[PDB]
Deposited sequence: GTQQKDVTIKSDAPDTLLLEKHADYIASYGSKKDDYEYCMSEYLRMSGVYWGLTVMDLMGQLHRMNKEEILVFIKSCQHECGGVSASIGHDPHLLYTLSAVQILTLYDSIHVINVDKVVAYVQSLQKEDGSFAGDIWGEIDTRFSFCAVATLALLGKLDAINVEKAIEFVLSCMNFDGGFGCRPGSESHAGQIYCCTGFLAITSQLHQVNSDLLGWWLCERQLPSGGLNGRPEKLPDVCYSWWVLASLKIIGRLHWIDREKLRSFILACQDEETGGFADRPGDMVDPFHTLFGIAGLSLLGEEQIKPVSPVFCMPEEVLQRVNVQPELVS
């Protein structure tokens, strides 16, 4: 029952030109300064959404490549910003960016691989950094990073698979760690992981697909788990998962699109989490990526696994087979 009612004067058209303006001008501010702890991922969101809109040229390649090199530490891991600590999350984001720019040798690739390898535990899981937080999000960061570098063989894949499958639940979904409740975010990471490692046959697509399609609320928007409010990012986590497992047609595409369009800001540009709220580049990537998966012609095809243009992944030849 918990849902948002879309007011009738909410945007119903794709304002692409305003979004590229929004991202192009992002980082010229309060919220900017306070999110320095995720800056590398922020940069990934901006560059990827611009590249899906064909506007990547408007961003600053040379300045981003210097920033990335300065964020690699002696252990091989990459931080979110200068002076911050290395983490799998930002190592992935950096590698995705360098992949968008065909500039992977900007960093020491052998050292990134050693970093990722070092974070794997005996049970096959990954810690996000040296402080040991275990989350299936990090299993995905690890194999996605390695898949993009051609180095998946560097880790114990069978053990990594065993761990992820140990996080599968009664409802077909996945949580953070064994016994954790299903959540769209972790489902996205784990189905992405199983795509990369070629294990989608181990997913119960009919059961999980039903759980995911029941995320769609009367409003058209998708939530991340039962009895929660819909929002644009959950809308990407759920749709991407459904695509990987071959069940995208189990949601009402037209109602979802309308929800996503209603999250745009007609004046300032970008998308927010829900209609009329404050935009940010994160929900802008996921709204845009969501619409592309839904078929929108003005946006380049996006990989549901890597959330990057398919043409980029075609070029590096990392294109995991999906269910259907």
item: Chain regions without C-alpha coordinates, deposited sequence numbering; value: 1-3, 32-34
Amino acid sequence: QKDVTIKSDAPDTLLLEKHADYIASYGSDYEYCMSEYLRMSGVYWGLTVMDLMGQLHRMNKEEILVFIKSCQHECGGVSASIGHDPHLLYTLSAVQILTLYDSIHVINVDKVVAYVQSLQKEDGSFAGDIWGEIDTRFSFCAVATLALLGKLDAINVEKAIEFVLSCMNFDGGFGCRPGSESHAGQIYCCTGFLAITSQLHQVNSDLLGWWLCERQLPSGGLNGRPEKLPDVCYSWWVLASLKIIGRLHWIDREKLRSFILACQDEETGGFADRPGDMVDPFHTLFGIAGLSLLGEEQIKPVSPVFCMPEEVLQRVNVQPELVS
From here on, numbers count along this sequence of modelled residues.
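Note that the rigid core is defined as the largest set of C-alphas that superpose within 1.5 Å between two forms.
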{"query": "Which of 31-39 and 283-291 lies farther from this form in 8 other deposited structures of this protein, as RMS of C-alpha positions after a rigid core fit", "finding": "31-39"}
{"query": "Comparing 6-14 and 306-314 where Cα RMS over structures and residues is taken in 8 other deposited structures of this protein (core fit), larger one", "finding": "6-14"}
{"query": "Entry-level comparison of average CA B-factors, 213-221 and 86-94, reporting the higher stretch", "finding": "213-221"}
{"query": "Selected stretch [higher average CA B-factor]: 163-171 or 103-111", "finding": "103-111"}
{"query": "Among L47, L38, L65, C263 - the residue whose C-alpha B-factor is largest in the record", "finding": "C263"}
{"query": "Entry-reported Cα temperature factor of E133, expressed as the chain third it lands in", "finding": "lowest"}
{"query": "Third of the chain, ranked by Cα B-factor, where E254 sits", "finding": "highest"}
